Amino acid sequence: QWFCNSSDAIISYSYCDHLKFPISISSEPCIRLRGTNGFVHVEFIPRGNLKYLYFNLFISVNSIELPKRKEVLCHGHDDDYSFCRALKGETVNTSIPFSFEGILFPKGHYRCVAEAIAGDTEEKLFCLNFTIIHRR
């Protein structure tokens, strides 16, 4: 249950219950529910070639779960991100700049799972159960 806490939001993460391959992932600053430009530090060893990497996001505002969302970070050709060239077994140390614009009037209990998927082979790379809570 790896957590920091901003003074308006407490962020904690953990592995998914049936997928627990390793990652050290971390944000600076610790995210505010309203606006945080900064970096996400990632350390792990990809179980598969990170070219064609993408995510499957299942989010839940106040325990009301949303539809699936599919973010691609690596299209496999001249990719924005350096870690897209990474290979199965090689180490990945990279802080990515992330920019959260916010939500003016944010609410309660958010909750996000994230499946990194190697698009080449559709195999599972890792899975992260997040949590974000407001105020007291």
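What we label the rigid core is the largest C-alpha set whose atoms superpose within 1.5 Å from one form to the other. Start at 1 with the first residue shown and count on from there.
Two stretches, 115-123 and 7-15, are weighed by how far their CA atoms sit from the shown form in 5 other deposited structures of this protein after rigid core superposition; the farther one is 7-15. With 83-91 and 59-67 as candidates, the stretch whose CA atoms show the greater average offset from this form in 5 other deposited structures of this protein after a core fit is 59-67. Mean CA B-factor, 121-129 versus 8-16: the higher value falls on 8-16. Higher mean CA temperature factor, per the PDB entry, when comparing 95-103 with 68-76: 95-103. Comparing the C-alpha B-factors of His41, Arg47, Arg85, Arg34 in the entry, the top value falls on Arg34. In the PDB entry, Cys30 places in the highest third of its chain by CA B-factor.
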